[PDB]
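A single chain, nothing else alongside it, follows as structure tokens in the form deposited in one PDB entry.
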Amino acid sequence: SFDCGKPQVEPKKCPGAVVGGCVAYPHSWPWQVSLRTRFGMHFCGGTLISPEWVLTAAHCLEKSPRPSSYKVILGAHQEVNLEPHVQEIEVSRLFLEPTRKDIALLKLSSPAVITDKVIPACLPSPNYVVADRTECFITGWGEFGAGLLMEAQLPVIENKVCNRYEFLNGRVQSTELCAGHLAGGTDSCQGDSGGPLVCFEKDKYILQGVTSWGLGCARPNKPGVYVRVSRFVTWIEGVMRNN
């Protein structure tokens, strides 16, 4: 329950060839956040990147500018009947990324207790470019909702290829990345808007992508598009240290 990116429960690691993905082993994605309204309704995902900081998608915040309207559920596995020791914390502040405005930082009113069920994802070094065909996972509750936390393994597709004429045709910005399959492939729509796309780097998981509604999920004849986290690291750190 220490270093970022190292679950204390080892991930199942759903093979890429499973349709619909797999149910995660409980607490194997300890940074996984469930975003809810004050009335406790799950509508988005997010990633714990510090005891006091959650990274999510700006689109998740469209229905309200008031930081008190949002609750962050950490340590969860079930979507509805929440586990006994799940941490439920009010957001004190919102910081919308200013250039692209696709992601946001939520500051938690009280810090999260770091345990072996609740651990931060590691951030990539600035401007890092995840290589073509790197295997990553997306996790979340697919929000019928999944009910239990799901995972799916998706390969990254370099922007140059993903932007080809016959595929996404120039619409993927350098501040985004693609993952999934170009043609064929299973529908991998297991994440929540705002949820994580992490990739294992020899001994820990690094958050490389943030899923977005208005972008997409990995579909059979179209990959998913994720905000490229490495391009917002210095900003993220700046917000954290100065706030």
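Residues carry their position along the shown sequence, with the first being 1.
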task = Between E143 and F144, count the deposited residues left without coordinates and pick a bin: none, 1 to 3, 4 to 9, 10 or more.
result = 4 to 9
Mean C-alpha temperature factor, higher of 189-197 and 173-181 = 189-197
request  = Look over 157-165 and 77-85 in the entry and identify the one with the greater average Cα temperature factor.
outcome  = 77-85
inquiry  = If I read the C-alpha B-factors straight from the PDB entry, which of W53, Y205, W213, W29 is highest?
reply    = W213
request  = Determine, from the deposited record, the chain-internal third of the Cα B-factor for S34: lowest, middle or highest.
outcome  = middle
ask   = Comparing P220 with the other modelled residues of its chain, is its CA B-factor in the lowest, middle or highest third?
value = highest
key: Third of the chain, ranked by Cα B-factor, where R133 sits   = lowest
remark   = Of the three thirds of Cα B-factor ranks in this chain, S125 occupies the middle
remark   = For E97, the third of its chain by CA B-factor is the middle
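Below, we refer to the form deposited with a small molecule bound, which is not included among the displayed structures.
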ask   = Can all three of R133, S230 and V233 be found with a heavy atom no more than 4.5 Å from the small molecule in the bound PDB entry?
value = no
request  = Tell me, please, which stretch of 196-204, 209-217, 26-34, 46-54 lies within 4.5 angstroms of the small molecule in the bound PDB entry when heavy atoms are compared?
outcome  = 209-217
Non-hydrogen atom contact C189 with the small molecule in the bound PDB entry at 4.5 angstroms = yes
inquiry  = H181 versus the small molecule, in the bound PDB entry: is there a non-hydrogen atom within 4.5 Å?
reply    = no
